[PDB]
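*Asks:* sharing the initial chains of the complex here, in place:
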Amino acid sequence: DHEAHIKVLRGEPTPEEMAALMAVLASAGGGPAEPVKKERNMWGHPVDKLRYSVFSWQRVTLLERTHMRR
Amino acid sequence: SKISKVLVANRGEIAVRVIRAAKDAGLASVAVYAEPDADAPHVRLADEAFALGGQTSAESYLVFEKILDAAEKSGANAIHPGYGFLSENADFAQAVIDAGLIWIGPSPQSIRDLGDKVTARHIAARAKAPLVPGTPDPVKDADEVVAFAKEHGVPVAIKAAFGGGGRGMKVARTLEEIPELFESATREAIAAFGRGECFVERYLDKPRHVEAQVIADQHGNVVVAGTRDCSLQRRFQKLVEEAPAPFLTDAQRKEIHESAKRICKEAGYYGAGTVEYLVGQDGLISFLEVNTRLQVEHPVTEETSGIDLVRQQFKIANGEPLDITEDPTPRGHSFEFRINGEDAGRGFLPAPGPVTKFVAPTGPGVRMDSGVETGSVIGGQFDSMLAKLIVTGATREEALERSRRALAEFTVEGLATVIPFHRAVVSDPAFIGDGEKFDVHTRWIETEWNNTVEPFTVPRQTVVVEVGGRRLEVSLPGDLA
């Protein structure tokens, strides 16, 4: 067991106060956890709009890396 | 040493019934539920409810530690086991007494002594109860069955000494069948009950199942609250019951009422319980078994004799002497119909499904003890019963007329039920006797009723919270955000 739990550091609520608290906190939860449906779409990415010198090293370290990083 | 809060260690109809009894007595009530029951009527009806977790009886209601944990957490000072489950578990009764709770039931030793059908036979014999010819002790091998069947004549019943639920019997009608039947009896007695002890009795061909409701004091007073007939049985389990038992001579009634008192007193019994008997086709009464708990069909006795049997259980467990001091006079007649989720058109096979509509009958003479309501789901994890319909009248004829009304009103939709069977049988001349006898018997439904019923057509989230270093588990809908 290595999840970080909610801790009541001070105070001792009754079961009904604990239930009210946890229901409120869960309603205040951040919604869906993360946007797992996010999809890669590199069309018109800003790095493709830059002018690069034909001998520019940023062709390797900026342009190519941005296209290839996954 | 008085009940103040009862944990109803059961579910469904009997849980509702006992919660209601507790509220009438002004006691606090605690329900317990398995996860499939988390919205059952008894959970919402009780003053408190505790989750057991688990999806099946073996994971929940049968776990001694879980029931006693719920008792400790709720602060219940008494446990009522209802019927089935742990109600006849003498080790659970002991565990409750050791936990210092009031066990609302008979003593553990009475439970053991009567749950062994051999010791029960010895008790009955000592009590001079009428007895079927049978082997005094378990038969050692098939040849003792051969000897018994030769001496008494076939048919013979071979029974598990610890059997129950109607499974425990195998019938042999010829001496050549005795062997393999005895082997199968031992085999499944071991498999189902953990013990091979098996004994032999005369099988009765068309017996009528008759039982006496007993109220028994811790101070040794005993009262017979009434008699029931339960001979409409689909396998070896009851479907229709009635009180008082009809068409018995006064000699038979007196023999039943006196044998029940004697046998309970020999057993040292206290609490509610029933002495079951079989009435032979020749009219001879013969002892069958003491049932060491509230009966399912107690309501027909409560309606014909004005006694609240669950409140009598509370008084007895409180140790009060009985206020009833003589057998009450049966005032009317009553029927009970078990509304099982079973398809009578399909061999009475259980049929799980949704209760999409449940409209109980009401009005004169009708009592409904329901465990379900519209929107319930009958899963296969538990007994198929939905409700008990109890119909009372001034005479058996009037109670039949009222049953023909009430069963016609009764509407249940979304799963198969035995209601079409109840409707037929309440109209069947075999059950509407000639006024001095009737033709039903313990195998009438399966062998002789003209069956004409058409066959029926996000998870919880657990959050651990730490509170001053205590672990606490909070369960949430899982979709609150």
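*Replies:* Looks like it came in fine. Residues are numbered from 1 along each chain as shown, chains lettered A, B, ... in the order given.
*Asks:* what's the first helix or strand after the longest strand along chain B?
*Replies:* With secondary structure taken from DSSP state E, chain B has its longest strand at strand B:222-233. Counting by DSSP states H and E, the next helix or strand C-terminal to strand B:222-233 is strand B:238-243.
*Asks:* chain neighbours aside, what residue packs nearest to the residue nearest the centre of chain B?
*Replies:* Central residue check for chain B by C-alpha atoms, centre = their mean: the C-alpha nearest the mean position is that of residue B:296, 3.9 Å away. Distance criterion C-beta to C-beta, 6 or more residues apart in numbering or on different chains; nearest residue to residue B:296, sequence neighbours excluded, is residue B:83 at 5.8 Å. (C-beta placed from N, C-alpha, C; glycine too.)
*Asks:* before we move on, what about residue B:479?
*Replies:* Excluding the flanking residues, the one nearest residue B:479 by C-beta to C-beta, 6+ apart is residue B:458, at 4.7 Å.
*Asks:* what secondary structure does that neighbour sit in?
*Replies:* Of the three states, residue B:458 takes coil under DSSP: H, G, I helix; E, B strand; the rest coil.
*Asks:* so what's it up against?
*Replies:* With contacts taken as C-beta atoms under 8 Å, 6 or more residues apart in numbering or on different chains, residue B:458 has the following neighbours: B:477, B:478, B:479.
*Asks:* got the residues of chain A near chain B?
*Replies:* Contact residues of chain A with respect to chain B, defined by C-beta under 8 Å from any C-beta of the partner chain, are listed as A:1, A:3, A:5-8, A:12-13, A:18-19, A:22-23, A:26-32.
*Asks:* can you tell me which of those residues are buried?
*Replies:* In these, burial by neighbour count holds for A:8, A:18, A:22, A:26, counting by 16 or more other C-beta atoms under 10 Å in any protein chain shown.
*Asks:* which member of those residues is positioned nearest residue B:197?
*Replies:* The shortest approach to residue B:197 among those belongs to residue A:18, at 51.9 Å (C-beta to C-beta).
*Asks:* what strands flank the longest strand of chain B, and is each parallel or antiparallel?
*Replies:* Strands flanking strand B:222-233 in the sheet, each with its direction: strand B:208-216 (antiparallel), strand B:238-243 (antiparallel) (DSSP bridges).
*Asks:* can you list the buried residues in the longest one?
*Replies:* So the one you mean is strand B:208-216. When burial is assessed from 16+ other C-beta under 10 Å, strand B:208-216 yields the following buried residues: B:208, B:209, B:210, B:211, B:212, B:213, B:214, B:215, B:216.
*Asks:* which of the residues you listed sits closest to residue B:450?
*Replies:* Within the buried residues of strand B:208-216, the smallest distance to residue B:450 is 20.2 Å, found for residue B:208 (C-beta to C-beta).
*Asks:* chain C goes on too:
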Amino acid sequence: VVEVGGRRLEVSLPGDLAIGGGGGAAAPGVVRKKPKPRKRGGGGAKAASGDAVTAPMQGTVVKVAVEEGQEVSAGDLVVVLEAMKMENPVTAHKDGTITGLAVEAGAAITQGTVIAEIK
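*Replies:* That brings us to chain C, laid onto the chains above:
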């Protein structure tokens, strides 16, 4: 601080809590594991493989028990460090020759300072 029915509660909420159907966490591919203590590993590779004797704590060298070129055996006393006015013996971890004794009695010394080499 939360009040429930007036009760003052102090509640500690994790930064990755996900209750009630979700919560933001670990989005860039974060991993969590038991952090290693800030000490030398001391595992199957053991620091006694080194020839240097190093001061186990900050203190003062109140006694030097060896001299340059002395042969010593594992468990021999090398120096005493007074720290917090308590004396701590620092002892040879291996057999060999005291080869570069760098401290004198009275010298203030820091943790991990090389006291000597046993070569």
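*Asks:* go back to the contacts of residue B:458, now with chain C?
*Replies:* Applying C-beta under 8 Å, 6+ apart, we find residue B:458 in contact with B:477, B:478, B:479, C:21.
*Asks:* am I right that residue B:19 falls within a strand?
*Replies:* No. Secondary structure assignment places residue B:19 outside any strand; it is helix (three-state DSSP).
*Asks:* quick check: closest non-adjacent residue to it.
*Replies:* With sequence-adjacent residues excluded and distances taken as C-beta to C-beta, 6+ apart, residue B:19 is closest to residue B:29, at 4.5 Å.
*Asks:* right, and the helix or strand after the helix or strand that contains residue A:26?
*Replies:* Following DSSP H and E, one finds residue A:26 within helix A:15-27. Secondary structure here is assigned by DSSP H and E; on that basis, the next helix or strand after helix A:15-27 toward the C-terminus is helix A:46-49.
*Asks:* report the buried residues of stretch C:9-28.
*Replies:* With burial defined by 16+ other C-beta under 10 Å, the residues of stretch C:9-28 counted as buried are C:9, C:11, C:17, C:18, C:19, C:20, C:21, C:23, C:24.
*Asks:* CA atoms only: put that stretch into CSV for me.
*Replies:* These are the backbone C-alpha positions of stretch C:9-28, laid out as CSV (Å, rounded to 0.1, in the frame of the first residue of the first chain):
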residue,chain,number,x,y,z
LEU,C,9,-10.9,19.9,10.7
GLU,C,10,-7.4,20.2,9.3
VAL,C,11,-7.2,18.0,6.1
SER,C,12,-4.1,17.1,4.2
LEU,C,13,-4.9,16.4,0.5
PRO,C,14,-2.4,14.6,-1.8
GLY,C,15,-1.4,16.5,-4.9
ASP,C,16,-2.4,13.5,-7.1
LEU,C,17,-5.7,12.6,-5.4
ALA,C,18,-8.2,11.1,-7.9
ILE,C,19,-11.5,10.6,-6.1
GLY,C,20,-15.0,10.8,-7.5
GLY,C,21,-14.1,9.7,-11.0
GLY,C,22,-10.8,11.3,-11.8
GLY,C,23,-8.1,13.7,-10.9
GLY,C,24,-5.0,15.2,-12.5
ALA,C,25,-1.8,13.3,-12.0
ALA,C,26,1.5,12.2,-13.6
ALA,C,27,0.5,13.6,-17.0
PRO,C,28,4.1,14.0,-18.4
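*Asks:* ok, back up a step: wait, the residue nearest to residue B:19 sits on residue B:46?
*Replies:* Yes. Using C-beta atoms under 8 Å, residue B:29 is in contact with residue B:46, at 4.6 Å.
*Asks:* what sits in contact with each of those two?
*Replies:* Shared between the contact lists of residue B:29 and residue B:46 (criterion: C-beta under 8 Å, 6+ apart) are residues B:8, B:19.
*Asks:* also put chain D on there:
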Amino acid sequence: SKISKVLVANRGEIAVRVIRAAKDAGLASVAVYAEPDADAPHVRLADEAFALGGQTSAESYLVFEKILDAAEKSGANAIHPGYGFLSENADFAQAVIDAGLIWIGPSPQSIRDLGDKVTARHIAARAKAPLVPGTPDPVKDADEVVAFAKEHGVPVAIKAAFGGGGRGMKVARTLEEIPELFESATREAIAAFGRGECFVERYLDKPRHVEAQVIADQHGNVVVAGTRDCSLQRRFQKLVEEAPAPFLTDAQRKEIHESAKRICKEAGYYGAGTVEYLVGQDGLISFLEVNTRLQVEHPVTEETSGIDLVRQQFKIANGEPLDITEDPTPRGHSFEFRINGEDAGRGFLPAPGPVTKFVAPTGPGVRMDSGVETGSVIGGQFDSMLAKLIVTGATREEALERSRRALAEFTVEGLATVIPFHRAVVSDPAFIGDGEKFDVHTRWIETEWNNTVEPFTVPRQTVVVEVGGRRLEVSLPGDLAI
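*Replies:* To build on what is shown above, here is chain D added in:
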């Protein structure tokens, strides 16, 4: 029944003091706080704390329903009112008793009798207590006030029969001003105290304020735990107190010690209270008041007599007989200094602000009863007292020496305080004795001290939830990230 959990219906210094007493007694403590006090030390110190809501005392600490509701929700079986607020509201004491709680205080009837100055004067007279010349009855008109002034001679005090904070007294020195002062006093007493009833008493010229600490038993035992002097007053409210009261003859001490017992027995009083007196410049004692609550200044008596007075209050409310059988002998001398947020260079005017630094003195002979710490914020909603510094020594002079030390160490920054006043007065020959007397008196600060102090230089979110049989507000920070 016995106290088991005490709700401290107060704030600040006295709340801390009673919470500490409860923990010494082994009792559970419940604090209550108004919204300005959500970070106050007592809220974090008590075993439980409850929000009252409301921004001011009239919205919070004064609301009977709120205090009793916090008592119900906490399951506190006793209420200690501290001092001020409701501690002398007899109707609150009755409401507590009707709620079935142990009221840690005197009986409602003793409160009601002694709070009326008229009935208090009658009780003192029956007790044969020393009394100032004054009308036994309240006065009806200015004309009998003038008649009194002609009979006894000016100066004369006109006092509201109900009062507080030193504000109920107007002093007439000529005869011609009596009618106007009588009208003004009636009008103001009507506004401030709801009751225009007033009475007339001869005015002492340079009186010394002396009082006896009483602990009194439900079984009728009474003990005088010690005498105390509080003559350093401004606006008729105390600033520096001390114990034992110095420079009294044994005759005066005996008369005070015995009059206090007689008054409390005549009143049927029980609990911890004080009988306050004036000592005239001629040395004549006169009864002034019975204060029915615990005094602010109890600590100097605790230090000199060695009695824990709050725990005596718990014992008395438990109905135990007094374990002290006789008046204890003082062992040293002690001074208390009230650390008000007031600018002594600006007329002691209240000055709210942040307590950006609070370094209390420590070491030999110092006790600190503080209601604040570094990072506290002082608003105007409540009394200006931050803390009480108590300094004890084997003699008056040793306690003065230790006080000069302690007050030189005491550093408070971010708001004005009277610490520069305490530093002056502890070095002032008017307050250092000549050996057998001193020159301070209840108007010395305002009329005779050489004042040389230079003047001092998001909303929470509430959700309403039902849980079975209760309605619960859940109050969260307005920006919870979660």
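*Asks:* the contacts of residue B:458 again please, this time with chain D.
*Replies:* In this structure, residue B:458 makes contact with B:477, B:478, B:479, C:21, judged by C-beta under 8 Å, 6+ apart.
*Asks:* quick one: the first one from chain D, how far?
*Replies:* So the one you mean is residue B:477. Residue B:477 sits 15 Å away from chain D when distances are taken as C-beta to the nearest C-beta, to the nearest Å.
*Asks:* one more: the last one?
*Replies:* From residue C:21 over to chain D the distance is 13 Å, taken as C-beta to the nearest C-beta.
*Asks:* also the third one?
*Replies:* Separation of residue B:479 from chain D (C-beta to the nearest C-beta) stands at 17 Å.
*Asks:* am I right that that residue falls within a helix?
*Replies:* No. Assigned with three-state DSSP, residue B:479 falls outside any helix and is coil.
*Asks:* and the end-to-end length of stretch A:28-43?
*Replies:* Across its full length, stretch A:28-43 reaches 36 Å end to end, with C-alpha to C-alpha, to the nearest Å as the criterion.
*Asks:* related to what we said a few turns ago, by contact count, what packs against the helix holding residue A:26?
*Replies:* Contacts defined by 3 or more C-beta pairs under 8 Å, 6 or more residues apart in numbering or on different chains; DSSP states H and E place helix A:15-27 against strand B:461-467, strand B:470-476, strand C:2-4, strand C:7-12, strand D:461-467, strand D:470-476.
*Asks:* okay if I get the ones you listed as TSV plus distance to residue B:273?
*Replies:* Listed next are these as TSV, based on distance: least, C-beta to C-beta, whole Å:
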stretch	distance to residue B:273
strand B:461-467	42
strand B:470-476	39
strand C:2-4	49
strand C:7-12	50
strand D:461-467	42
strand D:470-476	43
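*Asks:* contacts only, for residue 40.
*Replies:* You didn't pick a chain, so chain A it is. Residue A:40 makes contact with residue A:70 under the criterion C-beta under 8 Å, 6+ apart.
*Asks:* meant chain C actually
*Replies:* Taking C-beta under 8 Å, 6+ apart as the contact definition, residue C:40 lies against residue C:47.
*Asks:* and the residue of the stretch 101-250 of chain B found nearest chain A, how many neighbours does it have?
*Replies:* Checking the stretch 101-250 of chain B residue by residue against chain A with C-beta to the nearest C-beta singles out residue B:101 as nearest, at 21.8 Å. Applying other C-beta atoms under 10 Å in any protein chain shown, we find 21 residues neighbouring residue B:101.
*Asks:* gap between residue B:125 and residue B:134?
*Replies:* Summarising the geometry, the distance separating residue B:125 from residue B:134, computed by C-beta to C-beta, to the nearest Å, is 10 Å.
*Asks:* of those two, which one has the most company?
*Replies:* Taking neighbours as other C-beta under 10 Å, residue B:125 and residue B:134 compare with residue B:134 leading, 19 against 14.
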